[PDB]
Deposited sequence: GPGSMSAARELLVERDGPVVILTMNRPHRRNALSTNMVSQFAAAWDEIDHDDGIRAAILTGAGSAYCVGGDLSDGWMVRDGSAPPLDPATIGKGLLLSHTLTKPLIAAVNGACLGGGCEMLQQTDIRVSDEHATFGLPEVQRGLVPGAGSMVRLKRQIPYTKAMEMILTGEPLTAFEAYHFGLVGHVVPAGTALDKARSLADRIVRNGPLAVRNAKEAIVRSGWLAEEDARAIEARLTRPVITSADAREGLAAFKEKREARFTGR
């Protein structure tokens, strides 16, 4: 009946989140029991591995020009405060592919290509690609793109996670609009602060990064929108967010 089951099988401990009536949603109780279980696992040298799972058929559903102008235009020195969705309808090369790295959500047409050919003409992709690309897709493919200058297909771009969708010819803007519609229904302060926390925390020392995250999370927790989210669910009615 305990909310976190703890089972020892020789050198392995199995932890089972156990609240079937809430499909194993975290509770203050379960979280206290987690803290205790981590201490046990850390202290007992005979425990060599731990497994985390959920009871039944759910794991945990969980809750409970001017250089200023140039830099800003290219999103090189500027980060957009709102979500930016790329509908990549075709060839995305050079400066286009440099700017793509400052888009958030990315839909590729079947026939789109992605490339930074700069080195082939004795230039470099110095509009952020050398800093950013390896942060966003696997290192070896970032390196390959920049040092060879050769383009990726849409399938490859999707394989290496440069984009998040590949869709039938001519439908990228349709799919982008559908994603946008989902975003505009979300809490606007929540969306803005989430993007800013994701971007500004970067890959910094985790402790500093978590401080950045907390600074942007606190205002969301205390917001009117956050309470509306709950009161809406449920005064049996959809949420009306205002961004405050």
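Missing from the model, relative to the deposited sequence, are the ranges 1 to 7, 72 to 85.
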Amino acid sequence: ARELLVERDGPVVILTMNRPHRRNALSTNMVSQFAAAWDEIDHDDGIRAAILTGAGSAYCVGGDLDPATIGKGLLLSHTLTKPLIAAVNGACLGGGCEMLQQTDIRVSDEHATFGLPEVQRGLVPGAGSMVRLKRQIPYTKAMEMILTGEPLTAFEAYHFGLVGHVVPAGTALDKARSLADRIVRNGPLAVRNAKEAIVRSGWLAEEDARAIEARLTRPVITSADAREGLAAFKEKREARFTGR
From here on, numbers count along this sequence of modelled residues.
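When 31 to 39 is weighed against 186 to 194, 31 to 39 comes out higher, by mean CA B-factor as recorded in the entry.
Looking at 67 to 75 and 104 to 112 together, the entry lists the larger mean B-factor for 67 to 75, computed on C-alpha atoms. Of all the options 170, 149, 83, 126, the entry's greatest CA B-factor is assigned to 170. Ranked by Cα temperature factor within the chain, residue 57 sits in the highest third according to the deposited record. In this PDB entry, residue 199 carries a Cα temperature factor that places it within the lowest third of its chain's modelled residues. In this PDB entry, the Cα temperature factor of residue 212 sits in the middle third of its chain's modelled residues.
Among the modelled residues of the chain, residue 13 sits in the highest third by CA temperature factor in this PDB entry.
Ranked within its chain, residue 144 lands in the lowest third, by CA B factor from the PDB record.
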